[PDB]
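A.B. asks: Before we start, here is the structure in question, set down as structure tokens.
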Amino acid sequence: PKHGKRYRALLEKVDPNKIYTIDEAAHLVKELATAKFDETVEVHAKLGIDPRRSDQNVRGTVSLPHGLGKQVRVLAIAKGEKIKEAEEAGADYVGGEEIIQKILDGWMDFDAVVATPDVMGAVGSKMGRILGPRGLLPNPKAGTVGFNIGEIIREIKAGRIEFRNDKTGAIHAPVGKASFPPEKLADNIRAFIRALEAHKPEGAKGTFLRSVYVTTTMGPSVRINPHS
Amino acid sequence: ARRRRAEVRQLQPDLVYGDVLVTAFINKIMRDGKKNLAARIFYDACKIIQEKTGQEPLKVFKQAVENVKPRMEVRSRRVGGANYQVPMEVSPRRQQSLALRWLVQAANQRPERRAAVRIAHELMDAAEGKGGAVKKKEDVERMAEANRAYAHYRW
Amino acid sequence: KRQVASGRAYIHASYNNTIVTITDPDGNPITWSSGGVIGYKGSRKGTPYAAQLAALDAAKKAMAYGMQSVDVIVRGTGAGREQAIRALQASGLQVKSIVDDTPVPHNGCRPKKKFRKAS
RNA sequence: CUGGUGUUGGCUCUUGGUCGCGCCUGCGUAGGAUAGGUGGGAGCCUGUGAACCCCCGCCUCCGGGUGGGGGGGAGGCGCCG
RNA sequence: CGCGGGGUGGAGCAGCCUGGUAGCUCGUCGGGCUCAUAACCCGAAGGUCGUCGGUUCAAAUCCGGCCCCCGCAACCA
């Protein structure tokens, strides 16, 4: 039919009109993660803004207190002592100056792509037309720019994520997995809600937080309470 | 031809491949009875078809006169002080004369030095279907099957 | 919206364009078509080929409307007319029957001087 | 001249533009098709009937997406390419 | 002056909105064609997407300042 038998049974333990604070949501998402693998906890929401202008288009970063649990393979396009700086801190691919010569025919997606301030004249024409809207853009507001490139890679491998606003006007980003207890999920979902409060654009009027959903990869969502 | 139905002029089998069609194409390749340098050219073409494509030249030539024959066309014919461009399938004889003549004309609008390579490179393209000669076939049928409004005057 | 398989198809064939309407059993337009609806304009509308297309187009635009069988009624003259009937048939419809209902005055209004050559 | 109200009351029908949601849709081209967009995903859809054969509601930029009933028995969809 | 819609070949205009697509049409021009021309049909010269900076690994697009046209109701000491 329209739905399933492993999906719909999850539509019995959650009332949409019953606002489950991140505690009755972090206790109920522990009974939504039924999968061969270990799911995640997709955290979504609809902000009170306008995604068509550039005064309220929220974006940035934020480290979650417990992390995620899903390892991300971060690489680099260094310049100087920032080639051995990302290789002492822990990086898969690093300072090869222009290793853009390998990735120009093929490639089966690793995870990340960082750089630095001086390789901006040609770090736009080589691999600036490929990963573009493929969310791997070395955007400095995204957190992938700077001479401190090996210092920004020990937190994206140990917790920190990225929440960007899309064309429509919402804010996504995972805050853990499905095997994370009621303490690791609920406390973490609190260090990402400040990231939407503190990064809250200026020209945005009204009650910024219209909604804040929290579900599980292949499971139903809960219109969780905003601050708690 | 106002009395008898004209009279189909009869060709003379091609001395190398047999077919009468062959010599006909040459008759067009020709200018001023220079039937030799005329004939000559046609073959030299095949020598390229042979080296450029391991396909028998004849087998190619035939298939190039085919993929070009225009199945229908437009011919003027007034009825009431108006020149409609009525379309009607074309005689299987004219259906050949056209294709042949065009393959020749086209083969002379290409930027190729020796005449040989022209008739050759062209033919090879008439078969594949992508040629300047194949072109008219298309632009002569796009004509009819467009003016198919005046069809009803099929004299 | 509503969908009914039984129908009635009208052929108003004139001189400058053949036109056809397809109604329901009560005679209410479900959809219509004409030499103008198709790409044609001007004189080549009155031509039969146009009539055919019009009929076909009318059929399909009537078919996907829940049609299956129609009652044909022609009116007028002009080339197109004929082709139009034959077109409705070999087109996928069901010509249940054809009638020739051309309007004729039992001598009423005087016609224009064009139509009055019949002095 | 005119809109709103007051004097101004009964009885059904019709139907918008908001806003309560329950719910339903999307395609230039290259491309097996009809890929709105961001985030998640290496996994789920079937014995509460899957490949397909028959029928209808619906939508149409008419290729085809969509969802229920009824034949039938175990095969689908995607990562990857 | 406050509000908001966009400048794109010679001209206009879809793309924007929903990121990476110079697409639609006529003039131009070589040619096919026909008595002649339009239509039809192939091929091509012509777009810094107003401009300037940033956001962009990529911007006609998101975009901050901005040149100018349009629309707009008010006001006018």
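Chain identifiers are assigned as A, B, and so on, following the order in which chains appear in the structure tokens; residues are numbered from 1 within each chain, and ligands are numbered from 1 in order of appearance.
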Run DSSP on the backbone of this structure and report the residues of chain B it assigns to helix (DSSP H, G or I), as a ChimeraX atom specification.
C.D. replies: /B:20-29,35-52,57-66,94-106,115-128,132-141,151-153
A.B. asks: Please identify the strand (DSSP E or B) residues within stretch 9-121 of chain B (assignment by DSSP from backbone atoms) and present them as a list in words.
C.D. replies: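 Filtering stretch 9-121 of chain B down to strand (DSSP E or B) leaves residues 14, 18, 72, 73, 74, 75, 76, 85, 86, 87, 88 and 89 of chain B.
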A.B. asks: Which residues of chain A come within 10 Å of chain D, and for each one, what is the closest pair of atoms and their distance in Å to one decimal, counting only C-alpha atoms (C1' of nucleotides), sorted by chain and residue number, as a tab-separated table?
C.D. replies:
```
residue	atom	partner	partner_atom	distance
A:1	CA	D:67	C1'	8.3
A:2	CA	D:67	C1'	7.5
A:3	CA	D:45	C1'	8.5
A:4	CA	D:45	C1'	6.8
A:5	CA	D:48	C1'	8.1
A:6	CA	D:44	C1'	8.6
A:7	CA	D:44	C1'	9.1
A:35	CA	D:43	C1'	8.2
A:36	CA	D:43	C1'	7.9
A:37	CA	D:43	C1'	7.5
A:38	CA	D:42	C1'	9.9
A:39	CA	D:41	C1'	8.1
A:40	CA	D:40	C1'	7.5
A:41	CA	D:40	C1'	7.9
A:42	CA	D:40	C1'	5.5
A:43	CA	D:39	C1'	8.5
A:44	CA	D:39	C1'	7.8
A:108	CA	D:80	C1'	8.9
A:135	CA	D:38	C1'	9.9
A:162	CA	D:39	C1'	9.8
A:163	CA	D:39	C1'	8.1
A:164	CA	D:38	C1'	8.1
A:165	CA	D:38	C1'	7.2
A:166	CA	D:38	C1'	4.8
A:167	CA	D:37	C1'	6.5
A:168	CA	D:37	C1'	6.9
A:169	CA	D:38	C1'	8.8
A:170	CA	D:38	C1'	8.0
A:171	CA	D:39	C1'	7.6
A:172	CA	D:39	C1'	4.6
A:173	CA	D:39	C1'	5.8
A:174	CA	D:40	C1'	7.0
A:215	CA	D:40	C1'	10.0
A:216	CA	D:40	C1'	8.5
A:217	CA	D:40	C1'	6.0
A:218	CA	D:41	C1'	7.8
```
A.B. asks: Any idea what's packed within 8 Å of stretch 80-95 of chain A, counting only C-alpha atoms (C1' of nucleotides), ignoring anything in its chain fewer than 6 positions away? Could you give it as a PyMOL selection string?
C.D. replies: chain A and resi 73-74+147-151+153-154
A.B. asks: For stretch 57-60 of chain E, work out the shell of residues within 10 Å, counting only C-alpha atoms (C1' of nucleotides) and skipping chain neighbours fewer than 6 positions away, then give it as a ChimeraX atom specification.
C.D. replies: /A:113-115,120,122-133,136-139 /E:8,15-16,19-20,49
A.B. asks: Quick one: which residues from chain C are at most 12 Å off chain D, using only C-alpha atoms (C1' of nucleotides), as JSON, numbers by chain?
C.D. replies: {"C": [1, 2, 3, 60, 61, 64, 66]}
A.B. asks: Distance limit 8 Å, atoms considered: only C-alpha atoms. Which chain C residues sit that close to chain B? Return them as number ranges by chain.
C.D. replies: C: 44, 47-50
A.B. asks: Would you list the contacts of stretch 31-38 of chain E as a PyMOL selection string, taking every protein, DNA or RNA residue within 12 Å and counting only C-alpha atoms (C1' of nucleotides), but skipping same-chain residues closer than 2 positions in sequence?
C.D. replies: (chain B and resi 73-76+83-85+102+105-106+109+132-140+143) or (chain E and resi 29+40-44)
A.B. asks: For residue A:69, please output as a ChimeraX atom specification all residues within 12 Å (counting only C-alpha atoms (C1' of nucleotides); exclusion window: fewer than 6 positions along the same chain).
C.D. replies: /A:38-41,156-161,174-180,184-185
A.B. asks: Can you pull out every residue within 7 Å of stretch 49-64 of chain D, counting only C-alpha atoms (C1' of nucleotides), but drop anything in the same chain fewer than 6 positions away, and send it as a PyMOL selection string?
C.D. replies: chain D and resi 34+74-76
A.B. asks: With C-alpha atoms (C1' of nucleotides) kept, could you save the residues just selected as a PDB file, in the first residue's frame?
C.D. replies:
```pdb
ATOM      1  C1'   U D  34       7.919  12.615 -14.902  1.00  0.00           C
ATOM      2  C1'   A D  74       7.628 -14.736  -4.233  1.00  0.00           C
ATOM      3  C1'   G D  75       9.570 -11.107  -6.023  1.00  0.00           C
ATOM      4  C1'   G D  76      10.927  -5.728  -5.338  1.00  0.00           C
TER       5        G D  76
END
```
A.B. asks: When you draw a straight line from atom CA of residue A:224 to atom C1' of residue D:21, how long is it in Å?
C.D. replies: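 Between these atoms lies a distance of 18.0 Å.
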